[PDB]
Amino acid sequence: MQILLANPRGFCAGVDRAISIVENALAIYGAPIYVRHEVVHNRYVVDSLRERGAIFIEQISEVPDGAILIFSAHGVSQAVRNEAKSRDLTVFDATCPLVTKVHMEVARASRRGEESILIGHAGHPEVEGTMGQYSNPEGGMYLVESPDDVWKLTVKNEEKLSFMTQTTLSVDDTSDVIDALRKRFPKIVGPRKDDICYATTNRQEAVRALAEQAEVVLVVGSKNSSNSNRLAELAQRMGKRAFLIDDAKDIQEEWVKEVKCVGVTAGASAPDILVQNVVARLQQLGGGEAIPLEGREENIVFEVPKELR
């Protein structure tokens, strides 16, 4: 059985930065370091940091006075930031710079009292954080997930309306939402295409290329990782069996029995050691040397804040 690896796969710049922010905090200050939300949506990363003394919480009321608190890479609402600010807390922010870019646009619209529409998935932490930058009661902030949602939306003033997107969506499904937004609201203002980041765009392109060759695609990523779920979904819609897996223990032999070509990729929150162990397991199940596919080269790095070198 041939093993193909998607390219690019695995860690993006925001996820490597966020992990480094928590590890460096641990190394500088010792345990415990409190983290608001999973720093990134990967069970192995989160367990690793927990075993080293990071304590992951959902609400600032779970953090003691005097504690060091880190915001996860997905970002936080103004209310959460204000709650940490009004408390005794030393705060480091691991929000990806490409999520903060979206937050600044929502802040701008809020200050103008002009309504905004975010395209994104209800209850995802990034959507909570981004919706949470809008505070002006005179404007409005609305979430849509599908064209049907756009067809039911009514707003106060459609001549002054802008849109933003979550960073880890399906490029194709988002494009259909934006097409609806523009038909429904011809004066709506947005970015040229969406706020989907380079890493999400690039890993979707890479898994498309992988699924063209492979019969079965394994995506290394946790169940609550939006971008990892989008890679599996993309492969499934191309008619390949695709499985979202945390690690090699998840691989069921039946999924690859009699399969001549198996493809592996990884979401932007999955460490390469997990892919290495997946490949080892596929080799126990008959696979040969893993062959990386040619891919678009990535070169962006985001540095940790100077305070945490």
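Residue positions are given as counts along the sequence shown, with the first one as 1.
Taking the PDB entry as given, 109-117 carries the higher mean Cα B factor of the two stretches 211-219 and 109-117. The mean Cα B-factor in the deposited entry runs higher for 139-147 than for the other of 227-235 and 139-147. Of the residues listed, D93, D195, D88, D173, the entry assigns the biggest Cα temperature factor to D88. Highest C-alpha temperature factor among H124, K187, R203, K101 per the entry: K187. Looking at the C-alpha B-factors along this chain, the one for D16 belongs to the lowest third. In this PDB entry, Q283 carries a Cα temperature factor that places it within the middle third of its chain's modelled residues. Sort the chain's modelled residues by C-alpha temperature factor and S72 lands in the middle third, per the entry. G263: CA B factor in the middle third of modelled residues in this chain (values from the PDB entry). Annotation for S162: C-alpha temperature factor in the middle third relative to the rest of the modelled chain, per the entry.
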